[PDB]
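*Asks:* just need the structure, nothing else, for what follows:
(chains A, B, C, D, E, F, G and H)
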Amino acid sequence: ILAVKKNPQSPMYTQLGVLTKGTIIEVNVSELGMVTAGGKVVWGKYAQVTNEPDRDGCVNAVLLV
Amino acid sequence: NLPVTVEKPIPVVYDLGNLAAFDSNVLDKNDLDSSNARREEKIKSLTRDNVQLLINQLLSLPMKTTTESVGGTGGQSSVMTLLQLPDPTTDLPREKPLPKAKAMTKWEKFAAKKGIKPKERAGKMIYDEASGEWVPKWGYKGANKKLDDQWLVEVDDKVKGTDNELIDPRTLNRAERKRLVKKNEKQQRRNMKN
Amino acid sequence: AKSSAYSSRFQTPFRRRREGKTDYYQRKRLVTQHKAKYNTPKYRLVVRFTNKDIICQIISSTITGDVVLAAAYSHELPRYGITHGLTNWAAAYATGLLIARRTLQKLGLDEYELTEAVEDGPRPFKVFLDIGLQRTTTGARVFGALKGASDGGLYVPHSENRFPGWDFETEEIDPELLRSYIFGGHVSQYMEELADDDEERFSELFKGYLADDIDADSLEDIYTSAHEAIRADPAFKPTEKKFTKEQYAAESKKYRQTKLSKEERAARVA
Amino acid sequence: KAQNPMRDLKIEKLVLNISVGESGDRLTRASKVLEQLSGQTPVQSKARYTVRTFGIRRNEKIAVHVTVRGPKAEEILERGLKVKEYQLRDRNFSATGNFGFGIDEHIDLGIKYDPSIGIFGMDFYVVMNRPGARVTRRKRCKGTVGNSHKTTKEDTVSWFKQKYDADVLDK
Amino acid sequence: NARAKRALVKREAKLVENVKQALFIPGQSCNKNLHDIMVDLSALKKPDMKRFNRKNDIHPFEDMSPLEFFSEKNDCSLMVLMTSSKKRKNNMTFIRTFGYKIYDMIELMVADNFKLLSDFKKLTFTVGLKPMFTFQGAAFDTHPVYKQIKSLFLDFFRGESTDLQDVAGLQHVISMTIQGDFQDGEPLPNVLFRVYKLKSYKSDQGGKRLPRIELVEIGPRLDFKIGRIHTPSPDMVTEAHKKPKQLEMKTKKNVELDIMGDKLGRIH
Amino acid sequence: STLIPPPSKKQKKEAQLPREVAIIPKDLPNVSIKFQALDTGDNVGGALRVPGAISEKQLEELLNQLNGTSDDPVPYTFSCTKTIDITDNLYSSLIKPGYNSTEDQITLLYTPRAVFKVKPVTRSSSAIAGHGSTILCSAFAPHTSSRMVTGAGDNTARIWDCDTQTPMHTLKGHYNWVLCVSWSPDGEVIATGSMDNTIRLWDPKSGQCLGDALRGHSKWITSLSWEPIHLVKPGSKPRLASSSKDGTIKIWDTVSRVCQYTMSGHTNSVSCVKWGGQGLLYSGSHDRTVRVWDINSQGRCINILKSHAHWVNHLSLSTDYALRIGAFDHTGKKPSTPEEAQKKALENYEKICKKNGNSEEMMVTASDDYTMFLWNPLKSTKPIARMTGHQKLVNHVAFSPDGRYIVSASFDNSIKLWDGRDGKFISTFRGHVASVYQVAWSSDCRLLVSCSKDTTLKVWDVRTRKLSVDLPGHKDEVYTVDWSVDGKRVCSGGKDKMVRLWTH
RNA sequence: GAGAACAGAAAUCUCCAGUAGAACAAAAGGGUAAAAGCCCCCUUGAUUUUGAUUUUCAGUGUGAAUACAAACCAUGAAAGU
RNA sequence: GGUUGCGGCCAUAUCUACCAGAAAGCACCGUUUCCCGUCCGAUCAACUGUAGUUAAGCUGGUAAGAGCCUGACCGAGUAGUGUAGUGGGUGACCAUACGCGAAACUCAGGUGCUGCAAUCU
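*Replies:* Numbers count the residues shown, from 1 in each chain, chains lettered A, B, ... in the order given. Structure as follows:
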């Protein structure tokens, strides 16, 4: 995890870094091997948390493409 | 195969940022006077020596190479090798003074006193709950102007007892909006005068 | 009745704007404007069409007037084997190919500058297309010359939405139609349709094809052999000038009007 | 000079203009009659100012016109001449070799009348030029026409007399 | 209106300045020699150059207001007034302005033994590439007047600065040389302004990485006699030479940035 | 975008300090050198003293004189032993860092190089459409760079004109994906092996199918090989070898359009078959073995090489470039007669096979056990060497056209460069961020092109062992890449259904 | 200025002359004419997001604003803007 | 020397009425299947240079034409403007030495020079 971009509950929870369902996070995508049209290597993108880590003990997210 | 190494009693100093070379050696006016036939050759030879030394320094500079192909942003392609010029040494006057800082406004001083941190400005879209749409909160097709196009408005009971009872509530809201905007402009003008 | 106030206040344009053939708003951006600040020199591939000739020149702007690096004209096409249709799309393509191959041979890129002291191998030659006051339309002979230069080997930055066969809806090209246009498929199709439909039109237009006994099925072959000949020997042979310069000058001044002296003018006045 | 075949006067264009004033169903009918008279889609006109007397507002539709070039212009011109029985004034010809006239009813030209269409008139205008007139219209090296080569009123009258053999009334 | 605001922002001050623009103004007395020399100098300056055509009754050493007016209108910080007189024949006045007010002025006269750009009839450099400079003479580094001349001409023909240079764009050198050394209390020697185009050859002694350079004169060749001087005030000098310091990282003791980009601190 | 750190104030000050010029001293004394060949190690001239400011070309002229070929020089390169190449002059290359004193002798090893020079490809010449499904395979014509053949998943092959970057012929005989394409080494016929277990031959000039398809394989064609021109007797055409998933190698006579042999030793899918220049065929299969068959002995298995612990994915021979090129060259001249074609092909093959005493043909095998094995099957059946270091499977392996280097492309996003004689590791090329599918050499062996899963091509310089130019432009994964014989064009193709032609 | 039915001093169409005498912002002592004016096509992203860099707000300072830059983004055949 | 493509200086080049233009080039000029755009193949786009023409385009020359430009040892170092030696003078004001310094008017004149490439009876 690189950063917490937007916790939909509140910007206060965003700045506290709360990871709940629907939170937008920044993830390191280096091992996926993505290249832009200009030849740059992508190593950071956004994802949305899709579960409740307080209930299942882990963070699940879907990449935003 | 003439040499490329130039001998000088006083070393030439260089400003490789501006591509300039300065030599402060003894110049004899007998060979540079207008009465001499070799003045042009003399000037050309000394300029040639100074330019040769300058070129030697420029080719001794470190070089930047890239691997990106043509057709992208940047202007340097893989086959090209550029020189890295140092910052210019010679100090020259600017054409205008530096931008002085804007003085702190009344609002900014009030925020500093009362501990108001500046807002995030995430975006200009808001969710209108009575519909299912994300609409701009201001501007062109902004949500601040929906009352003007609202089909039906209930007249507030406080408007009774006044002469403003008969006027359109949409017109009253537009007048209030313009009054607020002009007040904001007046406050900006006051901060400008201060 | 133009008044003397008008004659005094008149502010003439440039000479090239007065005889309108040059776009200065375009030329300033072609010459003085740079993408980066590296002082990289720029070259223009100027492409021009008369009623009977296609002209391609490679020019660099200088402070004393711009200088031609290499030029090619379509009256050299009979040397490479094209005797008809010197102003069509295929001729423009052949001229672009010829100027590219000639330039590559002159610069020695394909079989002591200060750049040779820093770099190991030479750069590709980059030119920018100059079209002048011509319309940018989908399927134009200027872009045919552009395609020919690009295939010949000059790096000319371009997109492909003006080539013939570009579908306006789906942003894609039709390469088979592009090849047919390169080899004059539209001309040959017109010729065959003329022969089928209007015999008098077929006799009048494409009269040279019959006079030289050229089939409609040999256009592709003669264009192919022309391209092969161009790639083989792109060097420029001057036309053998039958007369000499002083003879040309003397016979020209024989018809050119002579000035009359000031005393003679006073005589004719008096 | 005059015997050169490039000094013959030809038809530049025939422009038919119908100015109705008020936009609406009558304007649509005028577009229909122009379109079926010419075989081409006509073009409407925009307002240039606003006058209360004319009942014309800003940015409205007032007129339509059709430009016809070539043998179709010759055909419509000769049908108009047959309706006008081959008599034009001296005053109709303008000083730059161009001339026009008004047709009050379109029925006489031969087009069948219909109940819903109504009755419409039009302004015929004809432009004449000698060969080489495209110089002022081409994009590159737009240049002026010659002093001897420019069309004149006497020349278009003489060409009319040679072509249609119709007298030109002074009065 | 948006284009107007863009022009205003272009005109306003900034931390990293644009290329200085130069305005060439004919005076009340003008000559064809002045026109040709101005054309050559504008071709050397271009495309950061603008030229007037009508005559203006301007005297720099009597009044400054019309010059400041033209500078503020044209957003030009460099001015070149061409004038003629019996006392000042072919007199070119170089003006540098700071904040639309007169920073400094030098007044030179061109001697008769000058040749234009069209005299030499040789191939010249491509339009709009920054030149090299050479300054021959110790007075350029010591004397106030030649310091002013050197700074003015560097500022005038420097053009856009860069940290990367394409080697193919190195063509021409501007040389300012002093016509012989001098001492105190004497007439000031004239400054010679020459333009050369570079040619390079294999040297066979410095390897393939160091070539032999040769020069070919382009023109114009000019001989400037230093007529008149108008120096700036010391406070104006400090104001004009203030650096921003907003853009550079501040120097902090015992704090370094290594090659990998990690901020490190050293203890003792 | 993440950026490199800016220079500090001290670094800017040291940059402003005036630069030193790397100059050659004029009183630099003469230095003793000993010439020695890289392949043979023959000391020529003994210890001779040369001026310390000697240049590469003057040293090369001296060497040509001492070997006696002053009329006909061949350009060489020089190395010193850490192996350091002599770039500009001996003083700058060796003396200037001071690693060896002048009084000490220097053993200079000379290696012959290619006379012609290939420019790196730097830009996409064109993006050509026409295929309706994913492009699977591509090859250039051996005689010219103007003709390219590409097989895709829309059951078709395509012959492209590279001159105008336009399609020329569409070949629509097959019923399934065209898995492999190959051009005849005399440049006359195109063989396409398909997913429907069929091999079809095509005339390229007319774009036509020669008769009917060759049948006999029960599984899809995996690889094709041609009989070498120098082995083919004049007046006759080469035979075609084909491999398939069913584990057999079938040999086809195209003159009579029949099948002569079906070698059948393997037990699993045959990955590849290569027809060598000494009358042998080398077959690699998923049964972890490499089989050496002799065509002169009625198609019998001579050898079984067993050293891989997993599937063999690819193999490459030292003479593969010469065998594929036949009698043609980097100039692409067409011989007058089949006799002269056979003799020139024989000489071109011999210039790489027979050297350093005796003729050898090294083979390299790239496997799923993350390794490669280097063999010399004519002399020994045990492996000459084992190359390890890759972290994932070695998908592609290629010998350099002169047979001095081996390049291995792996699924660990890396390429590795090895010695082609003894198989010792030299360098690692990094820069692909996804698995590298395959690789290709230039004709002069200085440049290498690789295609990846990361939708990019990359051109590498071998002598500096560093990335030369990265080429993006493909929208999707790239499966096949090739470099022309004359070195003028590079073709690539993959999932974007677009054939990309790249030039200098 | 010549003409063209209703239609005259002002409704619509055509030709010629037309240094801008029209319309844009500004107050030039030289702003803009194959435009900076009029119409058309494409873009609704313009409050993007990265930064060991400038300035400021602590108890939430690897956060947010702010300055500057870069990667991008829009458009165009392209130079480029 | 004419002409064509690309330019510098942007009226000595501009505006108006005349005649000349051998050849080449330029242009007018013929067609509307194809790429393409309009009310209209007029402009633009494409094809043939095949039917013709130097009438226009373009170049040159002509005019006590308009306009415009350049040299002056021409005004002149003049008008005009600032210091000043205690220069007189209780007074509006004036010669003087050092600087800075025009234009009107007059004579002599003119109505394009040119860089790069290609072609030319």
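*Asks:* list the contacts for residue B:79?
*Replies:* For residue B:79, the contact set (C-beta atoms under 8 Å, 6 or more residues apart in numbering or on different chains) comprises C:119, C:121, C:122, C:123, C:124, F:120, F:122, F:469. Bear in mind the C-beta positions are built from the backbone N, C-alpha and C, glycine included.
*Asks:* and the furthest pair within these?
*Replies:* The widest separation within the contacts of residue B:79, taken as C-beta to C-beta, falls between C:122 and F:469 and amounts to 14.7 Å.
*Asks:* more neighbours, the two?
*Replies:* Here residue C:122 and residue F:469 are set side by side on neighbour count (other C-beta atoms under 10 Å in any protein chain shown), and the busier one is residue F:469, at 25 against 15.
*Asks:* what's the closest non-adjacent residue to that one?
*Replies:* Spatially, and ignoring its direct neighbours in sequence, residue F:469 is nearest to residue B:78 (3.9 Å; C-beta to C-beta, 6 or more residues apart in numbering or on different chains).
*Asks:* and the one you found, which helix or strand is it part of?
*Replies:* For residue B:78, there is no helix or strand it lies in under DSSP states H and E.
*Asks:* correct me, but it touches residue B:67?
*Replies:* Yes: at 5.3 Å, residue B:78 and residue B:67 qualify as touching, with contact defined as C-beta atoms under 8 Å.
*Asks:* between the two, which contacts overlap?
*Replies:* F:468, F:469.
*Asks:* more crowded one of these two?
*Replies:* residue B:78 (21 against 17).
*Asks:* which ones are touching that one?
*Replies:* B:65, B:66, B:67, B:68, B:69, F:120, F:122, F:468, F:469.
*Asks:* and residue E:169, by the same measure?
*Replies:* Contacts of residue E:169 (C-beta under 8 Å, 6+ apart): C:38, C:39, C:40, C:41, E:126, E:129, E:130.
*Asks:* try it again with 6 Å
*Replies:* When contacts are counted by C-beta atoms under 6 Å, 6 or more residues apart in numbering or on different chains, residue E:169 touches C:39, E:129.
*Asks:* now do it against chain A, distance only.
*Replies:* Using C-beta to the nearest C-beta, to the nearest Å, residue E:169 is found at 26 Å from chain A.
*Asks:* one more: residue E:229?
*Replies:* In terms of C-beta to the nearest C-beta, residue E:229 sits 54 Å off from chain A.
*Asks:* shouldn't that residue be within a helix?
*Replies:* No: counting by DSSP: H, G, I helix; E, B strand; the rest coil, residue E:229 is not found in a helix; it is strand.
*Asks:* look up the closest residue to residue C:100, ignoring the ones flanking it.
*Replies:* Using C-beta to C-beta, 6+ apart, the nearest residue to residue C:100 is residue C:152, at 2.4 Å.
*Asks:* how deep is that neighbour tucked in, by neighbour count?
*Replies:* With other C-beta under 10 Å as criterion, residue C:152 counts 26.
*Asks:* residues in contact with it?
*Replies:* Residue C:152 touches C:97, C:100, C:101, counting by C-beta under 6 Å, 6+ apart.
*Asks:* quick one: the strands in the stretch 151-268 of chain E, in order.
*Replies:* Ranges of strands in the stretch 151-268 of chain E, per DSSP state E, counting those that start in this stretch, are E:164-165, E:172-178, E:191-201, E:212-217, E:222-230, E:255-257, E:263-265.
*Asks:* what are the bridge partners for residue B:82, then?
*Replies:* Listed by DSSP bridges, the beta-bridge partners for residue B:82 are residue B:64.
*Asks:* what is the neighbour count of it?
*Replies:* Residue B:82, neighbours per other C-beta under 10 Å, totals 22.
*Asks:* surely it and residue E:164 touch.
*Replies:* Yes: using C-beta atoms under 6 Å, residue B:82 makes contact with residue E:164 at a distance of 4.3 Å.
*Asks:* assumed residue B:45 was part of a strand.
*Replies:* No: remark: residue B:45 does not belong to a strand; assigned using three-state DSSP, it is helix.
*Asks:* state the distance from it to RNA strand G.
*Replies:* Remark: distance between residue B:45 and RNA strand G (C-beta to the nearest atom of the strand, to the nearest Å) = 37 Å.
*Asks:* which ones are touching residue F:450?
*Replies:* F:415, F:436, F:439, F:458.
*Asks:* ok, those residues vs residue F:357, which is closest?
*Replies:* Using C-beta to C-beta, residue F:439 comes nearest to residue F:357 of the contacts of residue F:450, at 30.5 Å.
*Asks:* contacts for the host helix or strand of that closest one?
*Replies:* If you go by DSSP H and E, residue F:439 is part of strand F:436-441. Applying C-beta under 6 Å, 6+ apart, the contact partners of strand F:436-441 are F:396, F:398, F:400-401, F:407, F:409, F:415, F:448-452, F:481-483.
*Asks:* one more time with 8 Å
*Replies:* Defining contact as C-beta under 8 Å, 6+ apart, one finds that strand F:436-441 is touched by F:321, F:395-396, F:398, F:400-401, F:407, F:409-411, F:413-415, F:447-453, F:477-483, F:490.
*Asks:* first-to-last residue distance for stretch B:5-19?
*Replies:* Stretch B:5-19 has an end-to-end distance of 19 Å (criterion: C-alpha to C-alpha, to the nearest Å).
*Asks:* give me the buried positions along that stretch.
*Replies:* By neighbour count on 16 or more other C-beta atoms under 10 Å in any protein chain shown, the buried set for stretch B:5-19 is B:12, B:14, B:15, B:16, B:17, B:18, B:19.
*Asks:* identify the residues contacting the residue nearest to the fifth one when sequence neighbours are not counted.
*Replies:* Right, residue B:17. In space, and not counting its chain neighbours, residue B:17 is closest to residue B:88: 3.0 Å by C-beta to C-beta, 6+ apart. Counting by C-beta under 8 Å, 6+ apart, residue B:88 makes contact with B:15, B:17, B:18, E:161.
*Asks:* before we move on, what about residue F:236?
*Replies:* When contacts are counted by C-beta under 8 Å, 6+ apart, residue F:236 touches residue F:255.
*Asks:* let's verify it: helix, strand, or coil?
*Replies:* Following three-state DSSP, we place residue F:236 in the coil state.
*Asks:* now do residue B:36 against residue F:219, distance only.
*Replies:* 94 Å (C-beta to C-beta, to the nearest Å).
*Asks:* for residue F:37, that is, sorry about that
*Replies:* 48 Å.
*Asks:* now swap in residue F:242 and tell me
*Replies:* To residue F:219, residue F:242 is 11 Å away according to C-beta to C-beta.
*Asks:* out of these two, which sits in the more crowded spot?
*Replies:* A count of neighbours by other C-beta under 10 Å puts residue F:242 above the other of residue F:242 and residue F:219, at 28 against 15.
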